[PDB]
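Chains as they are written, first to last, in the entry's author numbering: chain A, 11 to 283; chain A', 11 to 283; chain A'', 11 to 283; chain D, 1 to 13, 24 to 68; chain D', 1 to 13, 24 to 68; chain D'', 1 to 13, 24 to 68; chain C, 1 to 238; chain C', 1 to 60; chain C'', 1 to 60; chain B, 10 to 261. A prime marks a further copy of an entry chain.
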Amino acid sequence: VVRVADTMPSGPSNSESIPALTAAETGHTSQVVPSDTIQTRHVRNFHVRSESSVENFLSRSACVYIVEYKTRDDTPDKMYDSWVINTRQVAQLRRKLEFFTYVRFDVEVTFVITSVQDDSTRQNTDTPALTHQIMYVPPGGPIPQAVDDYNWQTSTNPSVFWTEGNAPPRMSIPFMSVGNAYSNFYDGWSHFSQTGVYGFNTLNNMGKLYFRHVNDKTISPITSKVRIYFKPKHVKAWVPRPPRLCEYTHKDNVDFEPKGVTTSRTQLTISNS
Amino acid sequence: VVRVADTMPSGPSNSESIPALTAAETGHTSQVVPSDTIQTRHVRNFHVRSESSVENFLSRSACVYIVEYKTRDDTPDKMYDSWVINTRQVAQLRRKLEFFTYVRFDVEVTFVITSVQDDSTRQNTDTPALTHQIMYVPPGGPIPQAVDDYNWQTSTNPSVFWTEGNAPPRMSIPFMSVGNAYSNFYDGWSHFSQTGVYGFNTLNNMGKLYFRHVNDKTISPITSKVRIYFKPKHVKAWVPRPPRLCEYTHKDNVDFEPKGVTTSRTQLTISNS
Amino acid sequence: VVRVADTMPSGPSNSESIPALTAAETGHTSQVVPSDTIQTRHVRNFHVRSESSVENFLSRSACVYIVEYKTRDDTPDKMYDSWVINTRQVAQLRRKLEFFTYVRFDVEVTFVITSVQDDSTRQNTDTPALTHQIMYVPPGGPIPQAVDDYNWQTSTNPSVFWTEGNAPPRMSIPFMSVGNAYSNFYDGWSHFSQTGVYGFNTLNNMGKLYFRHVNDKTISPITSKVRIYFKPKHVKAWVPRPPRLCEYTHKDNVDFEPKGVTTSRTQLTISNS
Amino acid sequence: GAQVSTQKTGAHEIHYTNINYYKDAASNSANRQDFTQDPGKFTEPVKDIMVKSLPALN
Amino acid sequence: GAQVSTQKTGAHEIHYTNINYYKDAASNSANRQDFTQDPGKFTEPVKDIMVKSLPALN
Amino acid sequence: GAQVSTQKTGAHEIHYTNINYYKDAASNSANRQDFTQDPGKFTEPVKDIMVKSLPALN
Amino acid sequence: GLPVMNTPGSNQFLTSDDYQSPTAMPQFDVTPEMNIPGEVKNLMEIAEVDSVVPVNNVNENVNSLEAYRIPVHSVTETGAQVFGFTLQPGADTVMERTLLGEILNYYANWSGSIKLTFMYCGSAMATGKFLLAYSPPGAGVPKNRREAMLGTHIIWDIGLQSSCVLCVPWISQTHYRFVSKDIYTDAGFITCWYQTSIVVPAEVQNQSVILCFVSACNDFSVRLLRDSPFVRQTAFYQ
Amino acid sequence: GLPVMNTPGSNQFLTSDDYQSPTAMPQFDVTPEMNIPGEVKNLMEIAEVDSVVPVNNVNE
Amino acid sequence: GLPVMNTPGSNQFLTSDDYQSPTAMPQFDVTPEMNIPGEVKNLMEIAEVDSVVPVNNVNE
Amino acid sequence: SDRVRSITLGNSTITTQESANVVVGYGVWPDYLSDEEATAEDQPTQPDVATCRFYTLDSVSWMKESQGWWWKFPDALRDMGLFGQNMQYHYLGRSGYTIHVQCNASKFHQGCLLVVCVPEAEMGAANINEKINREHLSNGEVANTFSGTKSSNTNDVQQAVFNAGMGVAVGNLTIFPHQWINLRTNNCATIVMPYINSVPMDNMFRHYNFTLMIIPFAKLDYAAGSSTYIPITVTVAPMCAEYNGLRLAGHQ
């Protein structure tokens, strides 16, 4: 229970104390309460800065990447589908996380899967319930190479089985950074000769996901689309920064084109027009 | 535990005290107990005014608007369907809320969805379970423009996913008025020159809902119909008013045609006929 | 709550105490802390050896054997399918258990069943939900001989009924070894004349599983595939051994082909190349 | 964190269980046991209150 | 092993139930009741702090 | 019949609930909080133990 | 078993959940926590920091640093309008891209007082006084200086103290406002005015530059989350 | 798990429910409450107020 | 009954579970435990034992 | 009064008579690594006299039309004395800083600078998918320079004053430790910046910790008889320096 500050009463004054005059040339942000400019009354203000906390601002489920993969095709790479784990491919969740320089959050993942029946000659089938497998793979793990390859066995790796017709799956992920905070910004190279790649990409190292259909070769292909919703919680954030003005270009850098700082007025002085 | 008042005993009286004579010319409503007209006995009455409280009278689920939208058509506006949030389109819930001038209630919304298969050449399909998305949008939010437009992502907005074959969804909504009470009546304009619109409509500002099918382009269109049931609770109401006599005309005003005050008798004095 | 050891401070020394010189010719493993070679500072190290315990290392669900059996065929042995219970047919779970010589663990079994519709002329059926029966059989029990044989009745034996569309089944199994520990290694014969079989196989004696479809002769065959996931817990292990270098050959022995001890360097001394 | 109160039953012929689950007040159940009333501001809206025995603006 | 704390309700007009189930801390719910703040290291980032009455680097 | 113990959380920055349901011990959950160790029978497997300061079989 | 029955609300995913979900990798040895300086626990600590408003956004000065300069110079008589702008932190074309404008573009219903701060970046020998008014609505925009001084104003002088503070108080019907452009809640009309001209001695340039800063007072608040109207993407960022 | 079995009555919507449903926007900073004169807590306070009866309702 | 509603996460199998499952053969008379010498309770007791490195791995 | 400020660090002393204040970062004064955050185990070298001292970088001029400057600051002191040597021979380095920027002008001059110390200022390239060379993000003590227009050079940093290189709104760039050198009152600007990083001890060649940005808002306007060349001089000094992991020389 923490309220905002109230308003103290004031009166007619003639003093050498000057709240209006300050030195903005020192970087000190002035602290003038409205009780020092005009004659403000007593206000018992009960506003609570509740829904502006760093926990409340970022703990909303946001999409990161759509994954599309069918259950039977002609090529083995259009069946299952993988994804390298990153939060920097959709500008909303990325732009909300790029207020800060370093953050420390646990991730709570929720998958939402929809199945679209493709068009063919024999669409009138009696199709049983589909099944989905989502195998997390740590950095350096084995590479699945087919829908029937024996690397999908999960002797150790985290996996989840879902059947269409239930609530969507949900699992939590603890803090997995090897440093102390997920670096949304890293100004440096990879090689110690100041060469290689420039990122922002040297410190991703999150691993990758994999998707496949557990069911066998069906007699009708079904386009599956799964949506990943990250939901951070227990959030601590440090050393903030202003948000991004220009639009994004890619995921592995910060590059852009220059944008005008705002939209023009075509006048400079307001009037009744 | 609050009972109604009992009956006190009375007897033969000859007094200057006159309960029968009162001054209705002052606006004072007279307070004559039946123990002051005739000789009433002792009655231990155990009636409790239970199911007439303002909480009990309005906390019933009532429909507000039917929403109809198909899963595949030729035009993109007949797929998903939106609705601007208002309680003044069905005369039952509106007429029950228009006893009062100002009310303060939390809303508990329940959606009821039915799917009707349309007529076509190829109705013999093997259709999986449908999925529905209901994205709340605050006033000024982004405008969804297709069933595949990327504004349906819900990076912040409230949403709900339902699969046909379960209990209907239910969510609560807290008190969202910017004033202190939902104004069922506002006698005023919008512009400060006493112009613009006259309402009753200047103070709606509730936001709007959106509906779509999460599933892709099916090979058979299915007409979906969702019913919204508001259910208020924790209700406090002030400064009442008599109910509405004439029938309603629109949603954005109070306009009507004159109705006779009741139905005639064709006599004035009762008899054995 | 058990931490790792910290670092004690050290300084410039000139002593007859020699941590660097030890006698490795006695089998004693030397115990030199880094505070005895160079001048190490004070380090308050908060590492906890948590996820390296013998409980945490082996209590992961791992596949052992895939079982494939159809619901109608021409031969009675391609319908139901049995399996003799052993953990030594997949090299991952086997190689993780072959750190040790003797272990004592309870088994927690989870079956994952998928149904693939076969190809025929009349695949457009209206198929109800499949049902599966998994009858454990102790060593010496009755032999099921058909899908309609009356040995599937389970007057005493453990069984489980599953219907497709739910969470996968799970049951626990207590410690069933007749000795005191599951012998992953037994150097000996079966006959007391040092003849017979050599194993590793004389002490398996675990019983066998059976699978069948409870449903009758369907009008379309459906290929069923069930995966068995052992998950040990409450684990105590004794007298360890180094892991296996060469690849495996069979399940009933330890036989192999010689493998090179590592991959060559083609140099012996490192440099800037 | 339990709350016990009486059920609604008639005269001349209970103690249910209520646990508050969700982290808000808009999730709390409908308070359908408020029987309080006061018809003192819809009847008698007056200064110089009547007695019912005096002739009431004589 | 129960914990009772107040719900979030407005001024001038509770005690829910929380039981910690899973064996980790990454399963604990989001701590959405931290209202604490201190704008002392984004405003006043200074040595020789101002008074607001003195002429402030005179 | 409840048991309360601490969750696993890191240093410098709980009390979950466990109720034993089924009538056996093979249904009890995995005891994944045993951090105890003793490298005294894989290192130092010896009689006449070393000192690390003496020349160690001089 | 146990007699339980579901409610309407079972088997749905909601964005604002607070329900305990199981971990995927148990007993995870979390790396320790480090005392990093400059910790944010509330975005309102960020919103109350001074930041420069692009006031001069007139017909391609936004593609440059020119947009932050408010020009001011010696006039012939007195009493002209240097700049002036509506008070809509989130729906303006002036304070739209400032830090207060960005944070309020992530919100919908706000309240509280707003500080402006005016650094004077002219020469060290020129003086001049400037009327910094605030006109609450109901009337229009004050067209001359006589109509401007009938609101909340301040008369600011240029001396050693180069920066002023116009602390706009809170005069409102409702408790909270709206971020979006609407008619029911309008705020006020800042309009700056020459109290005197700029007297400058010889061998000094005539024209100078005033800057503007913006922040929030002790009782500033925001209420509803939403998406900001600045995110305009088409496809994914492969 | 926990041994539970449903009853006849599960998965239905009823008009007169009194069951606790989750909020859609948590931690919502509710606007304060104001003492408005003329509060109704029972419709029986409204029903006991004098009001005029249209007695002479004879043929238009 | 009892008012309960599922969460996203119901009806899934995960590799790292710690949930109590019923036994298949109850009241099982477990064979006694024996004090075997050389007990491992942590693999870090095994990892801190000296072992020989194949250093000279040059071309067969 | 408090306009006269002195700073003594080792064997180099800055005395200014028209200072403004000292902005101490985000409130936290520089400090050595306390052993609750200790990661590595060998003893570090803390010189404290031959390292914690003021090093002067190159001086740049400010005409009427100059647009800006930026310096990377674990890299611009690559070859400044024993801070440079103890940068080279080690592997991990931790140090605070103390920025001081000299720039003087008479009373008949006007203009205003902006001295912001941005951590982790990762800059975008001029072209969209081009690799930046190392000799354009930094040049050591040789200052880089913003371009006010839309810069479109090859292998070059995106030079635009209305984006500050990172694509942020440059008016909103005052959340960091900032001071305003308005030329009517102030002689210099002082920023004591502590070491903000996600790792306790980091390398000092692979990582660019932060970027000091001087961006003029009010241009250097003056009469037709005053002195044209008005330089800008920057001199910083590390604080609480320590070095971990001595190894052979070089960086590759």
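The beta-carbon is built from N, C-alpha and C at its ideal position, and this holds for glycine as well.
Residue-chain proximity (residue i, chain C''), Cβ-Cβ < 8 Å
i: residue 7 of chain C; result: yes
Distance, residue j Cα to residue i Cα
i: residue 158 of chain C; j: residue 196 of chain C; result: 11 Å
i: residue 60 of chain A'; j: residue 44 of chain C'; result: 10 Å
i: residue 64 of chain D; j: residue 28 of chain C'; result: 55 Å
i: residue 14 of chain B; j: residue 29 of chain B; result: 9 Å
i: residue 192 of chain A''; j: residue 245 of chain A''; result: 11 Å
i: residue 49 of chain A'; j: residue 17 of chain C'; result: 45 Å
i: residue 179 of chain A''; j: residue 159 of chain A'; result: 41 Å
i: residue 252 of chain A; j: residue 94 of chain B; result: 36 Å
i: residue 224 of chain B; j: residue 55 of chain C''; result: 58 Å
is_contact[residue i, chain D''] using C-beta, thresh 8 Å
i: residue 26 of chain D'; result: no
Selected residue, minimal CA-CA separation from residue i, among the options
i: residue 57 of chain D'; options: B:215, B:201, B:222 and B:252; result: B:201
i: residue 31 of chain C; options: A:68, A:277, A:184 and A:53; result: A:184
i: residue 219 of chain A'; options: A':90, A':199, A':278 and A':257; result: A':90
Contact with chain C by residue i, beta-carbon distance below 8 Å
i: residue 37 of chain B; result: yes
i: residue 32 of chain B; result: no
Any C-beta of chain A under 8 Å from that of residue i
i: residue 1 of chain B; result: What the structure shows of chain B is the stretch from 10 to 261, and residue 1 of chain B is not part of that stretch, so it cannot be assessed.
Test: residue i CB closer than 8 Å to a CB of chain D'
i: residue 114 of chain C; result: no
Chain D contact for residue i (CB, 8 Å cutoff)
i: residue 2 of chain D'; result: yes
i: residue 47 of chain D'; result: no
Simplified DSSP state of residue i, which is helix, strand or coil
i: residue 101 of chain A; result: helix
i: residue 36 of chain A; result: helix
i: residue 90 of chain B; result: helix
i: residue 20 of chain C''; result: coil
i: residue 66 of chain A; result: helix
i: residue 175 of chain A''; result: coil
i: residue 51 of chain D; result: coil
i: residue 34 of chain C''; result: coil
Proximity test, Cβ basis, 8 Å: residue i and chain C'
i: residue 66 of chain A; result: yes
Interface flag, residue i vs chain A', CB-CB below 8 Å
i: residue 103 of chain C; result: no
Residues bridged to residue i (per DSSP)
i: residue 162 of chain A''; result: Beta-bridge pairing links residue 162 of chain A'' to no other residue.
i: residue 93 of chain C; result: Answer is none; residue 93 of chain C lacks a bridge partner.
i: residue 127 of chain A'; result: A':232
i: residue 54 of chain B; result: B:252
i: residue 219 of chain A''; result: A'':93
8 Å Cβ cutoff, residue i in contact with chain A''
i: residue 44 of chain D''; result: yes
Proximity test, Cβ basis, 8 Å: residue i and chain B
i: residue 52 of chain A''; result: yes
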